[PDB]
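We begin with a single chain expressed as structure tokens, specifically the form deposited without adenosine monophosphate.
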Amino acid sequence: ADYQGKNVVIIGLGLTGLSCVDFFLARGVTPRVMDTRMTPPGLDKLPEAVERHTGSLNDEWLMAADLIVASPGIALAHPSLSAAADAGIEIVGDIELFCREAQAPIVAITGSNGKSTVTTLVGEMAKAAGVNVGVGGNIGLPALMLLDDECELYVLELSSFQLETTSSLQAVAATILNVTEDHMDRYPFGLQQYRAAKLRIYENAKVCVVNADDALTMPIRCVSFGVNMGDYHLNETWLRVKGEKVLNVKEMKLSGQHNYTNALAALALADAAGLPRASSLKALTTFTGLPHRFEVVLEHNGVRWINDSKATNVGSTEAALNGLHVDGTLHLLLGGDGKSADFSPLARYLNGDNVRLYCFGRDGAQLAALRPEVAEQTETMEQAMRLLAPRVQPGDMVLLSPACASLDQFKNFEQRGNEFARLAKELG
């Protein structure tokens, strides 16, 4: 697309907003940038020639714009932004800008849990085939920074927020891995509205890949994956495609059923994107996992300290707890900004004599109320760690799986996971 001479306004001075500033500058367009945060993180890195407005949205800028580029962290329902939409002013996000520019097939992945794992796996499968692949999006590397003429395949992790502002995505293969309650602070029409954002990923997708065990992943036919059913399903555990064994999961470094269905989803996408299955299976055997995703950061004196800081919603923490074997006591850390989630689905995991909860952050009290007689509540994760650490015995597990966003107290979930790992190494 061509932006020359257009009045471009970017909302968001984070990672996305900075990559858009550079995008436009490289195209001979100086945008203006605003953010409702008084001192947003990207303020320091903004080129000096770019006008910026912080502490609020600027309606004079918004109503004057030819194009508004909204970072995923601003709600389209923001009254300033709905006013501009009502005036007919075009509003896109960075993924939309990317789709207009990208000149290779895109594999697009969203879901409440499993997103980064499946995105990375497809990237590894591409690489195993010798394909020049760009991997980014919500996984952390702004998509516009992937744009490269030598690139042969793009693998995008996409959030519901990013999908809301995207209209030009025509994925070669698209999946919603699963839909579970998240971001309810951004969706006042609840689960179905959230689901509706995610369902945009299927629009104009050549192959849609659905979770046969999750009805909400299906369009209101798709290739399916599931546990007992699906085109890609599980059979010691085997990955199968239509009844034929393709991989004994003992070859995988990843474990857990939810990761075997992740592997199925990734293989489905890779097959649809045309990647050779043999090299795709190869990548499945090499991939060791992601940082902050059920990551053992210390195993010492018969205790494992596990960094699952990436568990920022209830479904993710369920995937940690569901089927979890612990020889002694599980010391479970929960806490942060729960984004108005119902935490009560976690209750069925917290029974018995071998569980201790340490709840912190903004929604610490609602987390501790899950089972009051086994729960401590502190203000911070550090206080919680120093509380639990004396109590830890050989055989125990210490699990940070906080079911919450970290934004109330931390820069991001990575920072939260790093601080846990330092304290584990200190106290363990």
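The first residue of the shown sequence is 1; numbering continues from there. Only residues modelled in both forms are compared. We call the rigid core whatever largest set of C-alpha positions still superposes within 1.5 Å between the two forms.
Heads up, the form solved in complex with adenosine monophosphate isn't pictured, but that's what we're talking about next.
A.B. asks: Whether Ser224 contacts adenosine monophosphate in the bound PDB entry should be assessed with a 4.5 Å heavy atom distance threshold; does it?
C.D. replies: Residue-level check for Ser224: no, no contact with adenosine monophosphate.
A.B. asks: Under a 4.5 Å heavy atom criterion, is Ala268 part of the interface with adenosine monophosphate in the bound PDB entry?
C.D. replies: Because no heavy atom of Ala268 falls inside 4.5 Å of adenosine monophosphate in the bound PDB entry, the answer is no.
A.B. asks: Taking adenosine monophosphate as it sits in the bound PDB entry, is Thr217 near enough to touch it, meaning that at least one heavy atom pair lies within 4.5 angstroms?
C.D. replies: Because no heavy atom of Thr217 falls inside 4.5 Å of adenosine monophosphate in the bound PDB entry, the answer is no.
A.B. asks: Wondering, does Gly93 line up within 4.5 Å of adenosine monophosphate in the bound PDB entry on heavy atoms?
C.D. replies: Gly93 lies outside the contact set for adenosine monophosphate.
A.B. asks: Within 4.5 Å, heavy atoms only, one stretch in 275-283, 82-90, 307-315, 239-247 touches adenosine monophosphate in the bound PDB entry. Which?
C.D. replies: Selected stretch: 307-315.
A.B. asks: Heavy atom within 4.5 Å of adenosine monophosphate in the bound PDB entry: which of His233, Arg356, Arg200, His258?
C.D. replies: Of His233, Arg356, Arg200, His258, the residue with a heavy atom within 4.5 Å of adenosine monophosphate in the bound PDB entry is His258.
A.B. asks: Output the sequence-ordered list of residues from 146-180 with at least one heavy atom within 4.5 Å of adenosine monophosphate in the bound PDB entry.
C.D. replies: Read in sequence order, the lone residue that approaches adenosine monophosphate (within 4.5 Å, in the bound PDB entry) is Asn178.
A.B. asks: So that I can tell if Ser309 moves, could you say whether its C-alpha shifts by at least 2 Å between this form and the one not shown after the core superposition?
C.D. replies: Passes the 2 Å threshold, so yes.
A.B. asks: After a rigid core superposition, would you say the CA of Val50 moves by 2 angstroms or more between this form and the one not shown, or not?
C.D. replies: After core superposition, the C-alpha of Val50 moves less than 2 Å between this form and the one not shown.
A.B. asks: Compared with this form, is the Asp408-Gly93 Cα separation smaller or larger in the bound PDB entry, the difference being 3 Å or more?
C.D. replies: Relative to this form, farther apart in the bound PDB entry.
A.B. asks: Shorter or longer C-alpha distance for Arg304 and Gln257 in the bound PDB entry, given it differs from this form by 3 Å or more?
C.D. replies: Closer together, by at least 3 Å.
A.B. asks: Once both forms are aligned on the rigid core, what are the runs of 3 or more consecutive residues with C-alpha shifts of 2 Å or more between this form and the one not shown?
C.D. replies: Moving stretches, in sequence order: 138-140, 291-313, 317-428.
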